[PDB]
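Protein chains in written order, with the authors' numbering: chain B, 1 to 101; chain A, 1 to 100; chain A', 1 to 100; chain C, 2 to 567; chain C', 2 to 567; chain C'', 2 to 567. A prime marks a further copy of an entry chain.
Here is the structure we will look at.
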Amino acid sequence: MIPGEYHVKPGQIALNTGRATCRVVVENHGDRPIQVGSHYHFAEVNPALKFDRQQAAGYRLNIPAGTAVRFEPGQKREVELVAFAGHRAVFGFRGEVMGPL
Amino acid sequence: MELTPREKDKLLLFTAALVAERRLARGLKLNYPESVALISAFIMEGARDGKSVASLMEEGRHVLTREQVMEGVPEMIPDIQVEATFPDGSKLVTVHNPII
Amino acid sequence: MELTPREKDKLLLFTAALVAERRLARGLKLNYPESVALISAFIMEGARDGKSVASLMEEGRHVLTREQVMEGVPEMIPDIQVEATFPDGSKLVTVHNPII
Amino acid sequence: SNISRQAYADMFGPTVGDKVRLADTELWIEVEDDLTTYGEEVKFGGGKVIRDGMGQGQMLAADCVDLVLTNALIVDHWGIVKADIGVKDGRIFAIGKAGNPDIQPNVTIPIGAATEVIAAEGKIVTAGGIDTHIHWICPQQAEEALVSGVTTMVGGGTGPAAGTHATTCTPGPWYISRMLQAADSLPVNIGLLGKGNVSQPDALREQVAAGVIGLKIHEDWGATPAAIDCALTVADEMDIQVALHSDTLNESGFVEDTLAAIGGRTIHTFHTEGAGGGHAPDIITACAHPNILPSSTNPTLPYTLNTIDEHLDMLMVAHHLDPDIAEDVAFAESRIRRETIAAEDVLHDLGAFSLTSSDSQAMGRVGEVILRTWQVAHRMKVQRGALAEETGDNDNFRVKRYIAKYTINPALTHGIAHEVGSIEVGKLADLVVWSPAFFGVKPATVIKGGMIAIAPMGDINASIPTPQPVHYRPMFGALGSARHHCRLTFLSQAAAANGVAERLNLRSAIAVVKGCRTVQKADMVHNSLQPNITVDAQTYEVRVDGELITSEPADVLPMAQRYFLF
Amino acid sequence: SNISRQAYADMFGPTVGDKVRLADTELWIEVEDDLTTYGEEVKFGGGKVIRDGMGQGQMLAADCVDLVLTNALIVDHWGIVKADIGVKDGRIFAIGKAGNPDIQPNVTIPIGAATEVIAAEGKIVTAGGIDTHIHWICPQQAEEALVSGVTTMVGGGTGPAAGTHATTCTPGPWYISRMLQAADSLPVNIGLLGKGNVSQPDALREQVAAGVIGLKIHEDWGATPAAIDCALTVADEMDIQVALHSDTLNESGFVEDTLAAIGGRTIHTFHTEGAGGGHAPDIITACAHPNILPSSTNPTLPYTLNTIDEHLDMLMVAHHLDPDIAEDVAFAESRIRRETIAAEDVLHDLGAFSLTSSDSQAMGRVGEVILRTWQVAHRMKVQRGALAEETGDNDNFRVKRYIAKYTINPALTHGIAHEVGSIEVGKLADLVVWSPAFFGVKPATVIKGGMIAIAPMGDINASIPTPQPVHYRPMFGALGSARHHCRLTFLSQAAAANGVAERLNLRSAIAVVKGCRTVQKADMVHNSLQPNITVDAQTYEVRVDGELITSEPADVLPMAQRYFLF
Amino acid sequence: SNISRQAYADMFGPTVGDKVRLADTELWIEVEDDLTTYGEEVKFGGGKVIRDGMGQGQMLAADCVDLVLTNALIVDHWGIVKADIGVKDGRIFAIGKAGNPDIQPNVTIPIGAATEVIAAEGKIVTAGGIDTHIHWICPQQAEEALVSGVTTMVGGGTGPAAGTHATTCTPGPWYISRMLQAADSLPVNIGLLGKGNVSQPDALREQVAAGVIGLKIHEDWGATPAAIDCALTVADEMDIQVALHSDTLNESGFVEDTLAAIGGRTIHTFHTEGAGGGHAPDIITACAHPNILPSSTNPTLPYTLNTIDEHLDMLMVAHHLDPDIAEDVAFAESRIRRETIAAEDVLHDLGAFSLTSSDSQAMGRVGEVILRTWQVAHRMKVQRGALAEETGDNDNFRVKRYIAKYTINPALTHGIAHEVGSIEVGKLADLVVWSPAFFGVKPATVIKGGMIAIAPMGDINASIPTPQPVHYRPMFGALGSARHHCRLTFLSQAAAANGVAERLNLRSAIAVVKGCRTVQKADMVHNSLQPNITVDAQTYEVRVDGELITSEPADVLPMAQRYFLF
Ligand code: NI
Ligand code: NI
Ligand code: NI
Ligand code: NI
Ligand code: NI
Ligand code: NI
């Protein structure tokens with residue numbers, strides 16, 4: 001007996017199903033680490049991360065909500081992106097879009 | 001004495017621990033509040049003695065064992081935190097999984 | 001610990017009883033508040049041990065005798081009542097004429 | 002991508018099909034539905050989801066909620082579901098999926114710059130409890146009840162006076178006015194009960210016009226057929242509720258005479274089992290009638306090994322009875338029956354009794370209404386097994402039936418369900434957040450009208466809010482004008498129209514009671530059973546359709562020694 | 002039928018001829034009269050008398066009292082009688098026989114649906130005490146005093162400031178306004194004293210117009226003939242009282258010079274014995290004059306074995322004196338005289354001293370005014386026997402003489418006797434209920450303006466209000482707006498007319514002082530003696546008509562170690 | 002006549018040339034000037050100077066002060082001098098020589114009948130502290146801070162909600178209104194911060210118009226260049242301040258990008274060292290810019306042996322981070338650097354960092370702002386010796402530089418220096434009186450708006466205010482309406498004009514913020530250094546002009562174990 005214990009049924013949850021995705025190779029050219037959140041507009045991340053910013057337009061990291069991907073200086077890796085939904089309007093970040101798309 | 005609110009608040013913790021201490025002494029298996037109070041008061045005295053935060057983070061995991069508390073209690077206490085005036089001022093001691 | 005108002009209130013009773021306990025130990029004849037606190041705290045620990053209400057209603061009449069308290073005190077306490085968490089929840093213990 | 006179910010539960014709380022144990026009882030609840038879109042859950046914190054342009058949008062205050070409770074496991078009479086809860090203007094705005102419509106799908110609860118966040122992942126959220134049997138013996142009772150998870154208190158009293166010690170009555174216009182004024186200082190919604198024991202209608206109308214939302218008929222003031230009829234006549238014309246404590250002495254008649262006096266009119270019977278008062282030994286038979294809304298007080302819930310022993314002396318002090326007067330002790334004993342005390346637990350499990358209440362400091366414990374209701378559920382599952390209504394391998398239905406006893410049913414009975422009582426859109430945001438390990442025992446957060454009013458708080462000078470000692474302390478929702486704005490003082494329709502609030506210069510928000518005459522047993526959520534119940538005059542045995550109703554006394558109960566310091 | 006006297010006393014409290022011991026002292030009171038009709042006493046509870054159609058009638062609120070204290074044993078300056086007390090609109094309605102005129106005889110206090118009941122059988126009821134020597138050093142003093150049975154506090158101060166530590170003065174319009182505003186938060190009736198030490202009339206008139214009900218002349222601010230004359234001139238024109246602490250140093254003149262400066266005008270002399278301040282060593286001779294209303298502060302009451310020893314260091318801290326400065330220690334010592342301390346007790350017993358007060362936290366104990374007054378009575382009975390005025394085998398007269406010292410006399414002295422000070426019809430219902438075993442030590446209930454304001458209260462979560470721990474807690478009468486309605490802020494007639502209450506937006510009820518200039522020693526109830534008293538300049542011996550006045554120091558006192566935890 | 006210097010100091014406190022040790026530190030202050038006329042000092046008490054015709058004059062209230070602090074040793078940013086302080090209408094009237102112009106020379110502070118006295122001889126008087134980094138997690142924080150000597154609290158929050166646990170933001174009009182109402186109940190001056198993380202200007206303007214005096218940009222809500230620019234644009238138009246907690250993750254850019262986004266506009270950078278949040282590992286380089294007003298939070302002050310060890314778990318709880326999530330623990334670790342923690346102490350000593358604050362219950366201790374500021378000064382004197390600016394054999398300059406950090410500088414940074422922040426004529430009389438042995442640790446008296454609000458108080462029933470137990474208790478200045486009159490609620494100019502105070506029915510005095518956009522680093526009193534500072538990306542070493550900046554961790558600190566019970 002453990003007070004308030006869970007009895008989670010086994011299995012897995014499929015995240016962000018039925019949405020466009022794409023893989024991109026990213027490399028940190030800066031001298032300081034960069035960490036990106038699950039819902040940040042990938043195309044507007046720290047300028048030191050080198051990748052095809054054009055392909056990442058309207059995309060975010062395809063990872064569980066609230067988690068992140070870290071890039072140490074000089075680190076190169078391939079990430080999977082998933083397209084934004086809703087109105088598909090991007091406001092904020094580095095202020096590059098500030099509107100629909 | 002000019003006791004500030006925080007000093008008076010800690011007197012409540014100290015007293016709660018006296019209750020637990022006497023019960024542990026009778027050979028009872030401590031419950032949730034009794035366990036938290038006993039381990040917390042132990043740490044506060046450790047700081048008064050001049051022990052380091054690092055030492056207490058370790059020593060605090062050896063105050064009570066699973067056989068001295070009620071069932072489910074160890075799982076109800078994933079960690080214990082308490083602050084006290086060390087020789088170098090107030091510091092926070094965090095003891096992870098104090099009861100095993 | 002997440003102490004509710006009632007738990008903190010009982011800490012006051014426990015502390016009042018520590019005062020009486022030390023005085024009884026010195027050989028003093030207890031006064032009115034000291035007597036009520038000592039017998040009350042005795043019952044609360046009885047409940048923590050798992051004793052029944054019926055047993056405590058009886059045992060409580062044997063904590064202090066007329067020769068251990070001041071004159072007039074036994075008559076100032078026709079009964080003592082206190083509640084505590086028994087294994088089966090909160091219950092009220094009433095001890096009639098505790099001092100004889 | 003993909004994530005395992007266990008890791009998922011650790012991050013966002015359980016989802017569809019997962020089960021959670023309620024505290025240390027044998028009751029398990031299973032998540033029935035989840036209103037989220039997997040991968041789009043909102044989470045707050047460093048580098049999380051609720052940030053500008055991401056989980057937080059660009060809308061003005063008018064177009065977003067003031068507060069969002071993220072990933073909450075709701076337990077209410079209508080369901081046990083996983084969802085985000087949006088609160089706006091102190092009221093429940095929506096139960097759904099929170100976020101930013103700009104980049105997220107299916108958002109029904111928009112989060113913007115004006116939105117505060119309470120992280121409820123891994124926590125259970127319920128409506129605030131409603132105790133309709135309060136004896137205003139002291140103001141400290143409000144804090145005790147709030148801490149237990151009760152946000153509305155209905156009762157009567159003027160302080161530690163003999164009349165209030167025994168009955169839930171605030172006698173007359175002067176005392177009523179005084180208590181309505183004092184109520185602004187308390188962090189709970191309040192409604193008052195006047196003294197309904199009079200055979201002159203106008204003496205009752207005055208009290209209703211002064212502000213009471215109901216009338217208490219108590220035997221200590223004379224629960225005679227004449228008084229009962231008078232109170233019900235006035236209740237019928239002013240839309241207020243009547244609470245009854247019948248004639249235990251059978252002095253004016255037996256239970257059948259009282260029932261006849263009631264004449265099929267709506268009435269709330271207090272402590273229907275009888276130990277707290279009522280025709281000896283068969284007041285319990287009232288739960289068979291359609292016009293009776295029956296409740297239990299808490300000391301007899303549930304039947305345990307020490308129950309009987311503690312009752313005699315408790316009875317005496319509560320009713321100013323003299324143990325040296327034989328007639329006083331004989332009538333005290335005729336109220337305490339193992340037979341009806343044991344049957345009461347089962348009748349609750351069957352839905353024959355519809356409410357639980359305290360009877361604060363007058364044969365009841367103000368901070369134990371919720372706790373005892375769950376102990377009864379536990380003891381009933383252990384003894385009787387699954388209810389005929391259960392579906393699946395969980396106790397979901399039994400949980401919905403019991404939570405209704407201290408939330409929606411008391412609200413319906415007293416005509417305040419339009420304001421409080423459940424988690425539904427438009428109702429006041431009185432919510433209680435619980436950690437599963439402490440469900441029903443010690444809340445994590447108590448919210449009043451959209452503001453946190455009390456919660457456990459650690460060292461005030463600490464670097465974080467968690468260091469010891471952690472104990473309940475009043476928050477901003479319990480302070481001055483913020484409190485006034487977040488609580489309700491309930492008035493009768495007549496008082497509201499007479500301008501009582503303006504005259505007494507009441508500072509809190511005002512709510513009016515209505516629908517007290519039209520509620521019947523059939524309206525009690527999940528507790529509408531009208532059994533063919535009988536009580537043996539000699540043996541006191543309770544029978545339903547001839548079958549004997551009974552249960553066994555517990556020696557140990559959950560939600561007891563594992564949680565309390567004393 | 003018939004009932005034995007003992008059984009009768011156990012049910013309804015004592016009656017005519019029965020005697021009751023006051024706490025653990027040697028004082029016994031005998032019931033002088035009983036206003037009931039045997040067999041028609043009202044009793045509340047299960048199956049008792051106060052029920053619909055029986056002891057409770059059918060009248061509307063306007064025709065019955067709001068509260069009734071049943072079977073009370075009243076102890077007041079006018080008598081020691083058994084009677085029911087009716088309270089209506091926060092004021093004493095009547096002292097007589099309560100009940101229902103429909104079926105009972107001789108009913109003068111009608112009980113109806115609007116009536117609350119406080120059972121006083123077996124209890125002693127007195128008026129709330131009045132302490133006219135308060136140093137507002139901290140607000141916590143009000144709770145301490147209320148708990149002791151004191152409901153009105155007159156004094157001055159602004160908090161823990163040097164000026165207030167030493168004197169009872171709230172200096173100027175700004176501080177006065179601030180303290181009048183703060184007073185709304187305290188559960189006692191309050192009146193303020195301004196600084197009367199100035200030789201410019203207008204500086205005094207401003208303070209009176211701002212709200213003070215009196216002026217304190219204190220030696221620390223210069224108690225010179227010029228200042229004294231100025232304050233009395235303004236008092237004579239504005240109908241306010243002057244309280245004096247004379248020139249101990251004899252710097253401007255001796256006691257005869259101060260008396261000459263007073264010029265036969267009315268004045269209240271604080272701590273007339275001298276230890277608390279005043280011409281050394283003969284300030285005590287002031288009690289011989291007709292225009293002097295003399296009071297004692299409490300640390301010298303009564304003369305005990307440890308009295309002298311504790312006084313020196315107490316004196317120093319209270320007056321910011323330096324123990325290293327010889328002149329500072331010499332003047333402290335000249336104030337402490339065994340001779341005048343011993344005589345003071347006797348002068349009280351004879352009625353030469355008319356009031357007792359605290360001198361809170363400035364050489365006095367705020368919670369011990371009542372307690373010490375009774376210890377003096379006890380010690381005097383033990384040493385001197387019965388008073389010449391006693392009739393019968395009881396101490397009734399000595400009890401009336403001493404209770405007047407902290408109730409009606411302070412009220413008369415300060416011009417507030419029209420509102421408070423005794424249990425008489427029309428006065429504010431400030432009442433204190435006591436159990437005989439704890440009389441003067443720990444009250445059972447303290448009532449302010451018709452509402453219970455503080456009382457002992459047991460476990461808040463308990464099934465009844467009696468379980469431990471039992472300690473004093475604030476009740477509804479001490480909460481927000483209910484408090485405002487049940488307390489009085491006293492103002493000078495000029496302040497009332499100037500609209501000070503409206504300007505400062507005071508929330509409490511307002512009362513105005515009057516009759517401060519016309520009271521004289523002859524008006525002090527049971528304490529109007531003007532003895533031909535002399536003090537020997539060298540030996541300090543006090544003599545009345547040449548006979549030496551003195552007493553012996555107590556080694557043990559009642560109302561002490563048997564009741565207190567510390 | 003003549004008097005020795007030692008005897009003089011014992012009677013009136015120290016004079017020109019005398020030195021006093023601050024608590025148990027190695028810091029000594031030397032009296033720079035004394036505004037008295039030897040022989041004419043005012044002293045209150047039995048037979049002292051402040052008496053009618055002597056040290057007290059005949060003027061009306063309008064021509065004299067309400068309160069005088071006699072013989073005070075003032076420690077403020079402008080000087081360390083001995084003088085009397087006069088307070089009138091709740092504000093500082095003058096700093097000079099008090100007394101009666103009728104018989105005394107050089108009197109600039111007239112004492113009259115309307116004057117209260119606080120004896121400050123032998124005591125140090127300072128302005129009340131100002132903490133601009135408050136997380137309104139619980140209301141109890143106000144009492145804790147007041148007791149420490151802090152009288153103004155600026156921050157944001159709604160109670161123990163996740164959003165407030167992590168950030169100093171009161172989200173939106175509804176919560177802002179609620180908290181402004183709740184603020185009337187607290188005994189400190191208060192100003193609120195709204196959530197500034199939005200890229201839509203109007204969502205920010207609404208919050209400012211609702212009442213906030215600033216906007217908090219926090220990384221937990223997204224500290225992006227877009228959000229930062231938006232908040233600064235609105236700040237520039239509404240004259241409010243912006244407080245920043247930058248993007249630690251370097252997610253949107255590095256420190257140079259954030260600085261570029263700021264574009265030379267005024268901004269207050271919270272916890273500039275970085276442990277409490279900010280671009281890792283070089284946020285500390287911000288102190289080099291002219292438009293940045295840099296502050297430190299207190300857990301890293303000063304660098305001690307246990308500092309690093311306690312930080313990790315403190316970090317986690319404060320930001321709702323998961324220790325099982327690798328990315329969560331890696332970013333927590335990147336914030337804790339021995340290199341920047343050690344350098345911070347030195348940068349304070351040099352005047353590169355201009356403010357100290359708490360970061361209450363979110364990686365900071367609310368009652369330790371003052372205490373830790375002095376521990377840093379001590380540790381710096383011990384390690385680095387005298388500052389280049391010191392003159393004479395004392396630490397006067399270092400004391401002025403450090404006291405400015407929690408008094409005038411925070412006031413200037415937030416636009417409230419016209420009301421509070423220092424002891425200068427016309428400013429609110431928020432003063433703190435200290436005994437030298439307890440300086441910076443436990444105050445003797447805390448004055449709010451001319452009234453004592455909290456102070457140590459002994460036994461309430463005692464004969465004097467000094468007997469044990471002595472602990473801090475609320476005084477009259479913290480009660481009801483007196484409190485309202487003695488505290489300030491700061492509003493934005495827009496809110497003031499919109500009538501927010503009238504609409505919410507705020508009872509306290511209102512003050513408006515102004516001058517938040519025009520302050521720059523050069524304006525910070527004694528702390529205007531803009532060093533050419535660099536941080537090594539790999540080693541984290543801090544260098545100024547190429548030289549390495551560092552210090553050693555303390556094993557024992559003053560103002561610690563000698564004063565606290567726990
Ligand atoms: Ni009842
Ligand atoms: Ni009841
Ligand atoms: Ni005096
Ligand atoms: Ni005095
Ligand atoms: Ni921060
Ligand atoms: Ni912060």
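Positions of the beta carbon are idealized from the N, C-alpha and C atoms, including for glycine.
Run through chain C and tell me which residues come within less than 9 Å of residue i, C-beta to C-beta.
i	result
A'/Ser52	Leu306, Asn307 and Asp310
Quick one: is the Cβ of residue i within less than 6 Å of any heavy atom of ligand 3?
i	result
C'/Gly195	no
Report the three-state DSSP secondary structure of residue i (helix, strand or coil).
i	result
B/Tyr6	strand
A/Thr4	coil
C/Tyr473	strand
By how many angstroms is the C-alpha of residue j removed from the C-alpha of residue i?
i	j	result
C'/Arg474	C'/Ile455	6 Å
B/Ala83	C''/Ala232	29 Å
C''/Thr165	C/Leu413	36 Å
Just to check, is the beta-carbon of residue i closer than 6 Å to a non-hydrogen atom of ligand 8?
i	result
C''/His246	With respect to ligand 8, the structure shown offers nothing to examine, as its ligands consist of ligand 1, ligand 2, ligand 3, ligand 4, ligand 5 and ligand 6.
Between residue i and ligand 5, is the CB less than 6 Å from at least one heavy atom?
i	result
C''/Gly158	no
Residue i: beta carbon under 6 Å from a heavy atom of ligand 4?
i	result
C'/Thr169	yes
Based on the DSSP output, what are the partners of residue i in its beta bridges?
i	result
B/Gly99	B/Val90
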